[PDB]
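Step one of this worksheet: look at the structure below.
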Amino acid sequence: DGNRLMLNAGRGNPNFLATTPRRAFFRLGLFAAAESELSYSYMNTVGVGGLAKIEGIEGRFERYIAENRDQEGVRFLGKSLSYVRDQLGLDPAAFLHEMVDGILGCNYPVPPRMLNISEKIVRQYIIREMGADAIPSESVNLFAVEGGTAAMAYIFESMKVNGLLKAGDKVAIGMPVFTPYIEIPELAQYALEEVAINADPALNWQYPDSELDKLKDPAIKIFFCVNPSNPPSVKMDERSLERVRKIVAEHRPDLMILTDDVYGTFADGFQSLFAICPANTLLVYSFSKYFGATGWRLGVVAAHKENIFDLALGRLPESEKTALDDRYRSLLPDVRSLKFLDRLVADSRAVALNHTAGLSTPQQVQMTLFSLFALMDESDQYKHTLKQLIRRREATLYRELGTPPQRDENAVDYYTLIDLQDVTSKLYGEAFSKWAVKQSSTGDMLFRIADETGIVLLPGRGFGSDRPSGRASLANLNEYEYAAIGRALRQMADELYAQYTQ
Amino acid sequence: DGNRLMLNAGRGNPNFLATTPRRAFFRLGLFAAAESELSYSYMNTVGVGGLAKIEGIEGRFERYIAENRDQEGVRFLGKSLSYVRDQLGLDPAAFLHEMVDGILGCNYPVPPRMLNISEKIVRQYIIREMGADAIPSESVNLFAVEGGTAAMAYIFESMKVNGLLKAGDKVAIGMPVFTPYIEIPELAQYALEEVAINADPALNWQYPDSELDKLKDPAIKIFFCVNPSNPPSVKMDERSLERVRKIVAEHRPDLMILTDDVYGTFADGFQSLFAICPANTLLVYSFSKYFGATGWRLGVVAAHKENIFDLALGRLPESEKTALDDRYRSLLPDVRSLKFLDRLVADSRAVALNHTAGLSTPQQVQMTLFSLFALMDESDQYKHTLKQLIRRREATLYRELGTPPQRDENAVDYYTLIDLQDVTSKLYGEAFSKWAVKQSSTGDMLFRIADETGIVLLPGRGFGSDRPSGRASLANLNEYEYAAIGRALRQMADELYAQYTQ
Amino acid sequence: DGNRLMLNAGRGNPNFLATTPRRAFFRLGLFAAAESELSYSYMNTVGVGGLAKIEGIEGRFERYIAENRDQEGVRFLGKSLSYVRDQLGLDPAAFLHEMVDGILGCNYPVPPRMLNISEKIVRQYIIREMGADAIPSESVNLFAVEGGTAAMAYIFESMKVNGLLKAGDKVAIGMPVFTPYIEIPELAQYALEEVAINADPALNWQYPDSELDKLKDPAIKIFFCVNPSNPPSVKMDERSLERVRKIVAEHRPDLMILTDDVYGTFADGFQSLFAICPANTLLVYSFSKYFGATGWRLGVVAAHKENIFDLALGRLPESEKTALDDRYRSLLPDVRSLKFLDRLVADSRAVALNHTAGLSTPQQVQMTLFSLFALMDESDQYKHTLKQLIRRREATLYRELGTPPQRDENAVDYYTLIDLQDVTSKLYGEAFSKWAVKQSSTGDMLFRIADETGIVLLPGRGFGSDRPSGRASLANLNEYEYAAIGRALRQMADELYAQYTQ
Ligand SMILES: *Cc1c(COP(=O)(O)O)cnc(C)c1O
Ligand SMILES: *Cc1c(COP(=O)(O)O)cnc(C)c1O
Ligand SMILES: *Cc1c(COP(=O)(O)O)cnc(C)c1O
Ligand SMILES: [Cl-]
Ligand SMILES: [Cl-]
Ligand SMILES: [Cl-]
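Residue numbers (the entry's author numbering), protein chains in the order written: chain A, 27 to 528; chain A', 27 to 528; chain A'', 27 to 528. A prime marks a further copy of an entry chain.
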């Protein structure tokens, strides 16, 4: 399943996971279960509870924390309350009841877009990790969704439905990008045309100015990028972000930006395009990778309250405004005041079902607890732990290839590129590396590792020339498995060197 | 929020919830958390775990159950294992690891449609509650989705995409139905035409043969019904099910049926249209109402392995088959073998994202635990408890209107119709009831209750004549609130009688 | 072993068992162990105790119950004391010491026939479950034996020894009966002649009046029947019991009746022939099936204090009375006052060993605890639980054969008859069922299930015509195993229908 996921979906699945916010969730659940039972009125039954009451919830919660000081999840829950009440200044009783009611999953999400306090908490996390601090928190709204996967499906459908993207429109795509994102515009369902914004291996996988300038073409309605990138696993540098900023400000104030920033926390000092061009950007952030929460399906779509999506909607042709008046008629009297972010919500479940739309309340609670976990960790201990783990696995991989590729300030390294030439160069000089590349390819490299270790790697391209290389995730295997990849690739190189000399 | 949900979405939200399977979930979570920590290799860190190991899981689980015999959730978990292993004959280690891995939400759902053992467990529950026992379990497949809400959105979109429903096609809709289901075909996005299959108040809200025969019109491609009904809250009787069966067998073997059977468990001896016409029916079942789990967003789409949806797909015009070959190309070599149920899955997240599609693994685990809860309860104690609760609230409501409407074998009563004429008839004779109806309407009835009690009711129509009536849910309020509705409606009747006499 | 038991012994072995009276037994054992240690006088030894003292036993027992309120077995023991003392009016100290001394197995059973208080307790259970309430409790005596198996061996041997049954005497046997009971009279050791009292499939396996009238033949000395029957699994109806009653009263006051009523508790409102003709009947009751206690070997022989066995003994020819005077000489001065029930006891172990004869004291204690368990359960919860379990397994079996045979008021259903004709009739009409029977037999039916499922069934006959049928026990398998039998038998029927049509 780990090997099959990389081939099919270009992921990625970590073998680590955040335990403390998970324990806090299950412990909160036991508290909420007791809260439900406090509202059950009848004798001689079993298995039926009532709704949790907001009245006196703080005092009951405080007792629960005091009696269970020995439980890690409970201590976390205790500090979470302080963080929300004391640092965020939010209503403590309202926070607790939203969490209790939320984890019970006994009420339809209200509002459907996101639960009130969860939105306020999660956006603090999002703003911080995206480097978007210069934007007032109150100007950022979130739509809680079933991972980045759901976000992308919802966004393209709403773009189509609301006439923001039309058949024949050009979508610029920062490349190399993983397979799934190439196909969605290529669907006849959308019939969009791709323009490649190509990263340069000579610039260490940054986008050249010349490539970024392609965005000046007014036929290009949207810039779509994974940042930090996947496969290449680098973050857009200061120059690149500035270039986009100037292009938007100077030439294309109408350019929509769709940015997928799931790997952000794995970079040093990450800054999102959302931070740089908030009015022009829809941010997709997934909790999957950082918290080891792929199965939880936790994501948000973020939008600035003043954005070009709502501006474009006000500039639509009359026939389209009339069609949308009909579409959203049941939702509100004035459809023209219905914002794009809330249209995403309505479009996600056929409009008529808007009031039972949204991410499940226990999922939002869990998302909120992951968010708190990271926010309360001021010295970034969890982040550093994961980074040290990733570096250890890297050292182990390149042990006999030695050693790892040199990493700059823009490095992410969730993924690593094992380049045959660079490896054979490090081992046996420049002359040998030129020859070794002409002998074997990516196929012979990936098939050998697979046969020796049972691990299949991603080809390392490209698009390029088929420079013989493979990509491994530093997130999904254990040390001896990275050591076995290195050993198999070292024997392959050693046998090439014995076929070099003689 | 309770009053606002009935007006907007025609629900419904229960104030009861199943506690035991929820406690089992949170307890399983604590076990899984410990399982994750067993795979963590490093010192001097906190909050990071590894992946749960299948090896020796039974023995560890058995210890967990033995040490926590005093915990209700744990005892349930213990019996669940026996039920799965002993009664269902499934692999106990594989069940446990699916549940442990599932609740950790650390792996993408695999397969995306449903987790393997969860599917087998949940379909046992579905088949039993739908009265579909005559169908072999192995011939029923499920797609786990975000409630009935997601199911409906997914189904219509896939119908459109795969050319099973086309603009101008007629959709027959069993009525009265709640608002949301009237609007989805009416969307320009689908441009479908509605044909009303009208329930008869004289038949106690059953569909007359003459109304059911409307399905013979070959322009009608789908029969769409909520069964048991909402608002009317009755199940289709033996005659009605037989009529549809003959119509499908005799005249319309091509008729698709879409049935929403969320209220099934609240009827006595429920039998689904899925049981009667499995080859022709897509079953939508929601866990929301029965388990008090609206916020969990838990539903399945059920299909027979041999169905008319796949048959129609094989009979599509060549241009459509060519378009679908392109659409699903990345999924499998032979797109023509891709079944409609799996197309729902692929269509739910844009095709290219099929391998990260599906309901979150902790949601499927919770769904599995609700399913087990009901399956293991042989004497149906929970079902009876809820029914007694509903009846008590009914008795309390009609206490001063006295007494409740007579209920037949097809009665559900999650909702109750408070008919002014019938109430005033029971109180002051037939002559007075005829006059009292001409004086006040549904509006004056609903506005009075709202002003006196703060509870807003649904109008009781119709479509009919505006016979002055209101609908209350027996699931969402407490006893004194039902008593206050009765009292307000009794004083209204008493003041009408003092304006009658004089 | 489960499959091998049905073929060899015509059983039957349940996969359920009564746990509470078993836990009570083991808990009582720990109390008794401590009682023994209270009588041990010496230092510096281990593993040796003394005899439990009756003095102060109530107070010590009451402390034991109070300290162990959390133990299910102990709570049962506590309520047992109340039942014996308060409802039965028996000596509480004497009850406790009999139980304590009994479970220690440190004294020879005294008296050998049954322990005093155990007899009083167990007969209350027997009288109730046999519907024999009209008989005063004090007029019923029991001989505790090693299951019904030992009872039958003991009874025939004593019948022979005491000249109540002689070579060439006719034994009437209610049939169909299971194999073991056909062979015991056929032994040259007894040389008895069988007369078949045949049950009628047209009467749903009741004995016709014409068949019951066969008992008028004065050459028939004993009527031997399993009631409720095995294999057929029905109880004798009101008419049948009345017929025997009149035959005994009117024509055959000398007719001995031997009735085996092990399945009694699985019928609704069971009434034994012992209840109807107590003076003429020896009742054999086994605890094996109802309590899931086959390995415990627990049975009683019941006799009325005024019976025709003792009457016949007084009418024996002088040469036989002289021989029996010699045989029983050591037992009592007046052998002619030695009752048949006590002769069973003496005959069971060669007469000279009468005073070390009888069922082991821990077995009698366990029997007493099973008896209490059922007596104290006023709402018959355990009985209903087992019946619901049996019905669930039946529903699961006939799921695809659908559905189960219609059951009347005389139904027991521990066993179920799977009739090919009736099954194929229910599925494909009367015409097909006539043909399907001519194609395959019982052999082809039983061998197919065995090969597909690994379960071997009993042939369903007869004696009859070999109507193609099989018998399954609803007591010995789990749900998926019944489901696999149904599925194998459905595919067999479906392939017959494809060989019917074409
Ligand atoms: C892993 C990954 C995601 C996260 O997907 P979810 O559906 O949120 O789990 C998003 N984008 C990219 C490019 C990824 O590699
Ligand atoms: C409540 C209800 C449902 C359940 O909705 P979910 O989205 O599954 O919570 C489905 N159909 C009808 C008609 C209802 O009233
Ligand atoms: C099972 C059974 C018994 C019980 O036998 P024990 O020796 O008491 O276990 C007695 N009679 C019949 C006909 C049976 O099937
Ligand atoms: Cl914890
Ligand atoms: Cl618990
Ligand atoms: Cl115990």
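No residue lacks a Cβ here, since even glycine has one placed at the ideal position from N, Cα and C.
Is the beta carbon of A'':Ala44 less than 8 Å from the beta carbon of A'':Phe396? Yes, the Cβ-Cβ distance between A'':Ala44 and A'':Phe396 is below 8 Å.
Round the Cβ separation of A:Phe42 and A':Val74 to the nearest angstrom and send it over; I've been treating them as touching at under 8 Å. Going by Cβ atoms, the distance from A:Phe42 to A':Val74 rounds to 6 Å, so yes, they are a contact pair.
Give the residues of chain A' in contact with A:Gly194, contact being defined as C-beta atoms less than 7 Å apart. The contacting residues do not exist; A:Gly194 stays about 17 Å from chain A' at best.
Distance between A:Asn333 and A':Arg516 (C-alpha atoms, nearest Å): A':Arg516 and A:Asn333: Cα-Cα distance of roughly 55 Å.
State the Cα-Cα distance for the pair A:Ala338 and A:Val361, rounded to the nearest angstrom. So the alpha carbons of these two residues sit roughly 14 Å apart.
Hey, how far is the Cα of A:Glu478 from the Cα of A':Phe52? Just so you know, the alpha carbons of A:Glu478 and A':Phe52 end up roughly 42 Å apart.
With 16 other Cβ atoms within 10 Å as the buried cut-off, status of A'':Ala214: Its Cβ having fewer than 16 others within 10 Å, A'':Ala214 is exposed.
Residue range of the unbroken beta strand (DSSP E) whose run includes A'':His330: From DSSP, the beta strand (DSSP E) with A'':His330 extends over 325–330.
Is the beta carbon of A:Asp287 less than 8 Å from the beta carbon of A:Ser298? In terms of Cβ geometry, A:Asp287 and A:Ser298 form a close pair [threshold 8 Å].
Under 8 Å between the Cβ atoms of A:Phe335 and A:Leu190? With respect to the 8 Å criterion, A:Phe335 and A:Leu190 are classified as neighbours on the basis of their beta carbons.
Give the range of the alpha helix (DSSP H) segment to which A'':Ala338 is assigned. If you look at A'':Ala338, you'll find it in the alpha helix (DSSP H) that goes 334–340.
Closer than 7 Å: A':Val100 CB and nearest ligand 4 heavy atom: The closest heavy atom of ligand 4 lies 7 Å or more from the beta carbon of A':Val100.
What residues are listed by DSSP as bridge partners for A':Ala437? Beta-bridge pairing links A':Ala437 to A':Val260.
Taking 8 Å as the threshold (beta carbon to beta carbon), is A'':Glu84 in contact with chain A'? For A'':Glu84, the answer is no, since every Cβ of chain A' falls outside 8 Å of its Cβ.
Give the interface partners of A:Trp322 over in chain A', defined as CB-CB distance under 7 Å, in chain order. Here the neighbours are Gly131, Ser386, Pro388.
Whether A':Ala217 touches A':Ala193 by CB criterion (8 Å): Yes.
Should the segment 159–166 of chain A' be regarded as contacting the segment 447–467 of chain A', the criterion being three or more beta carbon pairs within less than 8 Å? Result no; under three Cβ-Cβ pairs closer than 8 Å.
From this set, A':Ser259, A':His381, A':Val377, A':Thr382, which residue's C-alpha is nearest A':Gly486's C-alpha? When each option's Cα is compared against that of A':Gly486, the closest is A':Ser259.
Bridge partners of A:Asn224, per DSSP? DSSP output for A:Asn224 lists A:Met201 as bridge partner(s).
DSSP three-state label for A':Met156, please. Residue state, collapsed to three classes: coil.
Would you give the residue range spanned by the beta strand (DSSP E) that A:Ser495 belongs to? Its beta strand (DSSP E) spans residues 495–499.
Could you tell me the distance, in whole angstroms, from the CA atom of A:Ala524 to the CA atom of A:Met518? Rounded to the nearest whole angstrom, the CA to CA distance from A:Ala524 to A:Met518 is 10 Å.
Presumed contact (8 Å Cβ cut-off) between A':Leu308 and A':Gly173, rounded CB distance: A Cβ-Cβ separation of about 15 Å leaves A':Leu308 out of contact with A':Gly173 under the 8 Å criterion.
Anticipated Cβ contact below 8 Å, A'':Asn29 with A'':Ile481, distance rounded: About 7 Å; that satisfies the 8 Å criterion.
Using 8 Å as the threshold, is the C-beta distance between A'':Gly384 and A'':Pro118 below it? The Cβ-Cβ distance between A'':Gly384 and A'':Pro118 does not fall below 8 Å.
Would you mind working out which of A:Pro47, A:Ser144, A:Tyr311 sits nearest A:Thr175, comparing C-alpha positions? For A:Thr175, the closest alpha carbon among the candidates A:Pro47, A:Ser144, A:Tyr311 is that of A:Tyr311.
So if I threshold CB-CB distances at 8 Å, which residues from the segment 113–124 of chain A' count as touching chain A''? Residues of the segment 113–124 of chain A' whose Cβ lies closer than 8 Å to any Cβ of chain A'', in chain order: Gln113, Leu114, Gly115.
Can you confirm whether the segment 491–511 of chain A' touches the segment 409–428 of chain A' when touching is taken to mean that 3 or more C-beta pairs between the two stretches lie within less than 8 Å? Yes, the segment 409–428 of chain A' touches the segment 491–511 of chain A'.
Would you say A:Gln97 touches ligand 4, meaning its beta carbon is less than 7 Å from a heavy atom? Ligand 4 approaches A:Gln97 closely enough that one of its heavy atoms is under 7 Å from the residue's Cβ.
Can you tell me whether A':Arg425 sits near ligand 4, meaning its C-beta is under 7 Å from at least one heavy atom of the ligand? Flag unset: Cβ of A':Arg425 not near ligand 4.
Have a look at A'':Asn436 and A'':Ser266 and give me their C-alpha separation to the nearest angstrom. Using only the alpha carbons, I get a separation of about 11 Å.
Can you tell which of A'':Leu500, A'':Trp461, A'':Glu505, A'':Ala501 has the C-alpha that lies nearest to the C-alpha of A'':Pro494? Checked all of A'':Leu500, A'':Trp461, A'':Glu505, A'':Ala501; the closest Cα to A'':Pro494 is A'':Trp461.
DSSP beta-bridge partners for A':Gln215? For A':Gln215, which the question treats as bridged, DSSP gives no partner whatsoever.
Helix, strand or coil for A'':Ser459 per DSSP? A'':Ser459: helix per DSSP, three-state reduction.
Excluding the 5 residues preceding and the 5 following A':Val110 in the sequence, name in chain order all residues of the same chain whose CB lies nearer than 6 Å to its CB. These residues qualify, in order along the chain: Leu116, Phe121.
In the DSSP assignment, find the beta strand (DSSP E) that holds A'':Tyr311 and state where it starts and stops. 307–312 is the span of the beta strand (DSSP E), which, as asked, contains A'':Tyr311.
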